[PDB]
Amino acid sequence: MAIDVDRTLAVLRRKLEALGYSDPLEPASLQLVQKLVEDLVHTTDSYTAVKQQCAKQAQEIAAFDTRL
Amino acid sequence: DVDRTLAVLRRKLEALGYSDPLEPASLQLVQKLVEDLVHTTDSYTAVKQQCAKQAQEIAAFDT
C-alpha cells in the first residue's frame, strides 16, 4: 500500500524530470493529476474504513472490561 | 469556454516574456496532493497497526 504510493511518487518524479509533461493542459499531464487525485480518494476511503474497524474493535475491548 | 480563455491568456503572457502561468499552479496542486496522499497513507498505516494490536488483545480475552 505504501509500496504503491512509493511507486506512484517514483513514476511522478520521473515524469516531472522527464520532458513532455511541462504542458499542464497536455492530456498526459491532466491524467497524471487526475490519477493522483483518485489515488488520494481511494487512500482516504481505506483510511476511513480502517478507522471504523479500529473503532469497532475498541468497542469490543471495552465490552470485556464491563464483564469484569 | 474556459480552455480558450487560458490559451489566450497564455499567448499574451508569452509576448510579455512570462512563462506559462498554469504550470506553476499545476505544480502547487501536485505538491499538495503528494503531501495529502503521503500523510493519509501514514495515518492509514498507523491505524492499520493499531488494529493488529487490538486484534491480539481481543484474541487474548477470548482464550
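Below, chains carry the letters A, B, ... as their sequence lines are ordered, and counting in each starts from 1.
Of the listed residues (B:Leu22, B:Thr45, B:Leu29, B:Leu27), the greatest number of heavy-atom pairs within a distance under 4.5 Å of chain A belongs to B:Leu22. Of the listed residues (B:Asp20, B:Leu6, B:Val38, B:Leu33), the one with the most heavy-atom contacts under 4.5 Å to chain A is B:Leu33.
B:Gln54 contributes a side-chain N or O that, together with a main-chain N or O of A:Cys54, makes up a donor-acceptor pair within less than 3.5 Å. Checked by atom type and distance alone, the side chain of A:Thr66 pairs as donor or acceptor with a backbone atom of A:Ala63 at under 3.5 Å.
Both the backbone and the side chain of B:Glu23 come within contact range of chain A, with heavy atoms under 4.5 Å apart. Of the atoms belonging to B:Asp42, not a single heavy atom falls under 4.5 Å from chain A. For A:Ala49, no part sits under 4.5 Å from any heavy atom of chain B, backbone or side chain. If you measure heavy-atom distances from B:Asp36 to chain A, the contacts under 4.5 Å come from both the backbone and the side chain. Within the 4.5 angstrom heavy-atom criterion, no atom of B:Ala25 approaches chain A. In this structure, chain A has a heavy atom under 4.5 Å from the side chain of B:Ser26, while its backbone stays farther away.
Each of B:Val34 and A:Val11 belongs to its own hydrophobic cluster when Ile, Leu, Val, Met, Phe, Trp and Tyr are linked at side-chain heavy-atom distances under 4.5 angstrom.
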Kindly determine whether B:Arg10 and B:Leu13 satisfy side chain to side chain contact (heavy atoms under 4.5 Å, CB included), including the steps that lead there. CA-CA 5 Å; B:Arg10 277 173 139 189; B:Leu13 279 163; over 6 Å; no
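Here the NE2 atom belonging to A:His42 is positioned 11.5 Å from the CG atom belonging to B:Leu37, to the nearest 0.5 angstrom.
Counting heavy-atom neighbours within 6.0 Å of B:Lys48 NZ, excluding the residue itself, gives a total of 12 or less.
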